[PDB]
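Shown below, as structure tokens, is a lone chain in the form deposited in one PDB entry; questions about how it binds or moves come after it.
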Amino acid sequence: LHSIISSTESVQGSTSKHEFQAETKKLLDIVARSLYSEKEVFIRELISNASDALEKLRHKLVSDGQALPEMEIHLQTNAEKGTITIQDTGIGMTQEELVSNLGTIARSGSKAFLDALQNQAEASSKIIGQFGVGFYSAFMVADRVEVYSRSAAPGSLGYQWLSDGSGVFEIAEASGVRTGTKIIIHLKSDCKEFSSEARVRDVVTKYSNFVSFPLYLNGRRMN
């Protein structure tokens, strides 16, 4: 087996509170309404985000003149805790990105995204991914979301990022965060199926061969 996901992180700083941008909750809601009928697609959304993070790390390392490290995407299920977790070893998120990325669309203007979603020229799931709000689909299956991220940028600290998706998120420095991003989803009462290894395998195997870097489920290679 080849696993990297474990409960290694430790809170080692006090908590900073951040309120959602005014429109962010509206956009969270519209993603959830759009994707409910195929709610399992959140896994593909987060794998796509992880792949994007690995590509960003690739280009950093190409310009740095350095080797490619273990560049992987890992899924973990925990039926006892009612969680699904995804961890990538990609570029990770800086403090500034953890503060600002959720509200990017709200701040820059949602018109283009909402127009695209309305026109339905492609699958809603694809549009949502393309506009960079695939992470919004984490919330639609979660009672709460628990994120650990550390940027590959020099001097970057590791952070815990928590939210129940309602209107606030909280950031605290953490020790033991691997470069990249880990997202722990505490699943909603109607979404417990995604804490089943068999169910997640069934869902992901339909597209796992389309993933460029090694993809693992509970330590087992999927591609």
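Between two forms, the rigid core is the largest collection of C-alphas that superpose within 1.5 Å. Note that residue numbering follows the sequence shown and begins at 1.
The same protein has a further form, the form deposited in another entry, not shown here; the description that follows concerns it.
Engineer: Which of the listed residues (193, 164, 40, 52) moves its Cα by 2 Å or more between this form and the one not shown when the core is kept in place?
Structural biologist: Comparing both forms, the shifted residue turns out to be 164.
Engineer: Aligning on the core only, does the CA of residue 27 end up 2 angstroms or more away between this form and the one not shown?
Structural biologist: Shift at residue 27: 2 Å or more after core fit.
Engineer: Core-aligned, is the CA shift for residue 107 between this form and the one not shown 2 angstroms or more?
Structural biologist: Superposed on the core, residue 107 moves its C-alpha 2 Å or more between this form and the one not shown.
Engineer: Given a CA distance change of at least 3 Å, are residue 188 and residue 26 closer or farther in that other deposited form?
Structural biologist: Farther, not closer.
Engineer: Specify closer or farther for residue 74 and residue 27: how their Cα atoms are spaced in that other deposited form versus the shown form, given a shift of 3 angstroms or more.
Structural biologist: Result: farther.
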